[PDB]
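Structure, as structure tokens:
Hydrogens, waters and symmetry mates are skipped; everything else that's a heavy atom, side chains included, is used. By convention here, the first residue in the shown sequence is residue 1.
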Amino acid sequence: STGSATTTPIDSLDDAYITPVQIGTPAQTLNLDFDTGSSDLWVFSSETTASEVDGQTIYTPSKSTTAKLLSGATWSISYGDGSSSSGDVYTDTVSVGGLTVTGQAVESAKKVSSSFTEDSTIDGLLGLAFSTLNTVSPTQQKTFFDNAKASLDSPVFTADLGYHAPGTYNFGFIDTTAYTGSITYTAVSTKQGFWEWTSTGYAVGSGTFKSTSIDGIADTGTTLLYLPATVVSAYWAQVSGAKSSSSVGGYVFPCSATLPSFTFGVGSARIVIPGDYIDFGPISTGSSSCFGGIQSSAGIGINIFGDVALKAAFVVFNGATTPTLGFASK
């Protein structure tokens with residue numbers, strides 16, 4: 001089997017991407033944030049505290065003939081941005097882009113933090129990291145991908161995120177029309193539960209490539225590119241007037257600037273992030289200070305190849321017995 005679904009930016013900055021997902025019988029379609037940095041499929045629901053729902057579409061298990069309470073199971077998750085959610089668990093039929101999993105754990109939120117409430121466009125998350133990170137207790141649950149894997153034509157999914165435009169998540173096949181040149185594959189460590197890999201270096205603009213190992217995670221659920229302070233300083237040093245602002249929470253730059261590109265290495269291959277991808281616009285409405293899309297990972301504890309990086313590439317998440325990651329230009 002295979003699946004193919006379009007993913008759409010939630011706003012004009014590509015802050016996140018939503019993908020429609022069919023849950024239950026008859027189908028209830030919710031727009032979920034596919035997150036390769038976590039491993040829970042959770043939704044706004046009829047159980048979510050009413051004051052914490054503001055415009056989201058909810059899953060109502062009592063209206064699904066295939067829903068079953070997973071008795072005694074609870075879940076609770078905290079994300080790198082400080083947001084969180086928790087609740088109980090149903091199993092139900094879940095379909096993505098024509099690919100159907102029966103008996104998928106659908107984690108129903110009883111509580112969500114303010115950032116979720118305030119984002120009316122995201123109805124929940126669909127985790128695509130390794131199932132060892134799943135938070136359901138006392139019986140850990142499998143991700144949608146893990147459940148689908150044995151039925152897939154090939155044990156892979158691909159992320160093809162757009163810049164200010166829709167893109168695609170495919171399951172079970174590699175669309176050879178969706179990228180240019182060849183795909184370069186690189187080793188993955190699953191030790192921390194992430195799609196963790198080592199970039200071979202970077203360049204700023206038309207500058208020379210610096211060969212250096214940068215361990216990080218491929219994370220579709222993180223907006224920006226978070227890299228070591230040395231790398232980030234080297235990038236922003238090439239933008240007149242750019243500076244790190246503790247008050248704002250990172251590097252800002254004059255909105256009048258033209259940003260240089262940023263290149264990262266994948267083996268001997270190179271992925272180029274155009275400068276425009278690194279512009280996250282005014283820090284507040286009408287400001288002439290703009291927020292940067294490359295930020296320091298210092299104090300996160302891990303480097304994160306978030307959407308800024310991933311949307312510059314066609315990315316293969318190879319979930320074979322020995323997992324790997326593939327990157328191609330597009």
Side-chain angles (χ1 to χ4, degrees), residues 15-16 33-40 42 75-86 112-116 125-137 140 143 159 161 186-190 192-202 204 210-237 242 244-252 262 264-266 271 273 277-278 280 291-313 315 317 323-325 327:
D15 282 317
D33 184 351
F34 283 23
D35 181 14
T36 63
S38 69
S39 306
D40 287 50
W42 74 260
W75 62 280
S76 181
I77 192 162
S78 300
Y79 296 101
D81 68 351
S83 67
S84 65
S85 51
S86 64
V112 303
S113 62
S114 57
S115 52
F116 288 116
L125 266 64
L126 190 150
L128 292 167
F130 293 87
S131 294
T132 54
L133 293 181
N134 176 266
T135 76
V136 177
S137 179
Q140 190 171 59
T143 70
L161 302 178
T186 195
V188 165
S189 173
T190 63
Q192 294 191 95
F194 299 120
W195 293 92
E196 187 171 2
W197 64 290
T198 301
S199 172
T200 50
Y202 69 99
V204 177
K210 176 70 169 183
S211 292
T212 185
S213 294
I214 304 168
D215 295 340
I217 66 169
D219 187 0
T220 58
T222 290
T223 312
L224 306 185
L225 174 53
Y226 294 88
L227 291 174
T230 48
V231 177
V232 176
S233 183
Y235 178 80
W236 290 108
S244 185
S245 167
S246 55
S247 58
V248 176
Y251 281 90
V252 294
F262 183 89
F264 63 94
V266 182
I271 300 296
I273 306 171
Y277 290 26
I278 299 160
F280 279 74
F291 197 69
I294 295 178
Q295 297 293 344
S296 178
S297 64
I300 294 177
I302 198 154
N303 300 305
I304 308 173
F305 294 85
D307 298 332
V308 164
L310 303 181
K311 75 180 81 166
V315 187
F317 294 79
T324 66
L325 272 173
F327 292 82

Does any N or O in the side chain of [X] come within less than 3.5 Å of the main-chain N or O of [Y], such that one atom is a donor and the other an acceptor?
X: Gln140; Y: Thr135; result: no
X: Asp215; Y: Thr198; result: no
X: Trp195; Y: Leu128; result: yes
X: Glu196; Y: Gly193; result: no
X: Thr324; Y: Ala187; result: no

Distance in Å, [X] [atom1] paired with [Y] [atom2], rounded so as to fall on 0.5 Å steps:
X: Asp219; Y: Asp307; atom1: CG; atom2: CG; answer: 7.5 Å
X: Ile217; Y: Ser297; atom1: CD1; atom2: OG; answer: 11.0 Å
X: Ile294; Y: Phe264; atom1: CD1; atom2: CZ; answer: 10.0 Å
X: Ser85; Y: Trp75; atom1: OG; atom2: CH2; answer: 3.5 Å
X: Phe317; Y: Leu325; atom1: CZ; atom2: CG; answer: 5.5 Å
X: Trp42; Y: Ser86; atom1: CH2; atom2: OG; answer: 9.5 Å

Tell me, do [X] and [Y] make a side-chain contact under 4.5 Å, heavy atoms counted?
X: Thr230; Y: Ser233; answer: no
X: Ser39; Y: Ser131; answer: no
X: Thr143; Y: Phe130; answer: no
X: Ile304; Y: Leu225; answer: no
X: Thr190; Y: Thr132; answer: no
X: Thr222; Y: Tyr79; answer: no
X: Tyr235; Y: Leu227; answer: no
X: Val266; Y: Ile271; answer: yes

Subject >> Parallel, tilted or perpendicular: ring planes of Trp197 versus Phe305, cut at 30 and 60 degrees >> reply: tilted
[X] and [Y]: which non-hydrogen atoms are nearest, and at how many Å?
X: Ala16; Y: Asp33; result: CB-OD2, 4.0 Å
X: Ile300; Y: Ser296; result: CD1-O, 4.3 Å
X: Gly293; Y: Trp236; result: N-CZ2, 4.1 Å
X: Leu133; Y: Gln192; result: CD2-O, 3.5 Å
X: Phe34; Y: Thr220; result: O-OG1, 2.8 Å
X: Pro323; Y: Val188; result: O-CB, 3.5 Å

Original post:
Residues two or more places apart in sequence or in another chain: which of them pass ring-ring contact (aromatic ring centres under 6.0 Å, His included) with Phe291?
Top reply: none
**OP:** Go through the structure and list residues passing ring-ring contact (aromatic ring centres under 6.0 Å, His included) with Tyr226, not counting sequence neighbours.
**Re:** none
Original post:
After noting the C-alpha distance and the side-chain angles of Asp81 and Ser83, does the key distance pass the side chain to side chain donor-acceptor pair (under 3.5 Å) rule?
Top reply: CA-CA 6 Å; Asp81 68 351; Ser83 67; 2.7 Å; yes
Subject >> Residues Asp35, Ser38; criterion side chain to side chain donor-acceptor pair (under 3.5 Å); working and verdict >> reply: CA-CA 6 Å; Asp35 181 14; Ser38 69; 2.6 Å; yes
**OP:** For residues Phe262 and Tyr277, establish whether the separation of their ring centroids is below 6.0 Å.
**Re:** no
